[PDB]
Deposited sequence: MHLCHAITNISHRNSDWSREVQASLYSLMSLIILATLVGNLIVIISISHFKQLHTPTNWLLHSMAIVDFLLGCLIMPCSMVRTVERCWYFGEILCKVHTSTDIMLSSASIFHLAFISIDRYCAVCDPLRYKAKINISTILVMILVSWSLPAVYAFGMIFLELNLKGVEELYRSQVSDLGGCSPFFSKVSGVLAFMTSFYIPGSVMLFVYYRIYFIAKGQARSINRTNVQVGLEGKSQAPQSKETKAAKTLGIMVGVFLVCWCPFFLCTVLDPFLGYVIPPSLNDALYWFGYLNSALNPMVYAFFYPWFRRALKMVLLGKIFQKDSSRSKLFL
């Protein structure tokens, strides 16, 4: 019951966090800036996750079982991958926008206009879907581990994602290494500039980096390390890690909306 209560606490919070912001952007005329649309689209992507996936995904963890048709598990997963990658890409694009605004003050409104933002949303919505669908439909990941994928997991009712030693590393790279490095470089450059002018007359970026990092690194690390070790990570523990990654969807709307004074109204 306690586990169920926690599960509700995550999803419900995510829903409430994403529904407020979307309404706020569309109705109000003043907040129509090119950059504001980047947040709107992000909030939409986070919302879908809590309403579809988090419920069904919660079910597997609670009762340690999967009671559904096989055709559905290829749908539940890819859905789980595409939306997570889209959210991470949106975070990376927000960081790039911040870098462009701070390090190029005189050409900001010209560079970051509506056109650029639409392209960003199009790429962030398109590429993760392309990579999730073909990858999860054609069994690229299962190849070389079919005996193991079906020897134990598939036998007993389950719906646990499985990665080989060549697909897990590629997923690790594509979904964590590039956006994280971009964010780290951008915020490290911005921190020195912000500090070096304060003296002339540094923490919000540190929070943001810490929330992102402590929340997605262990899941990806375990995912990329398990095939090499020999699949010694407990199922329970893993589920945690999944929920410990989903918690990012609940905290992302709040850091990028409520923190800023202009969004208090």
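Novice: Checking coverage: what stretches of the deposited chain sequence are missing C-alpha positions?
Specialist: Gaps in the modelled chain, taken against the deposited sequence, lie at 1-22, 224-246, 311-332.
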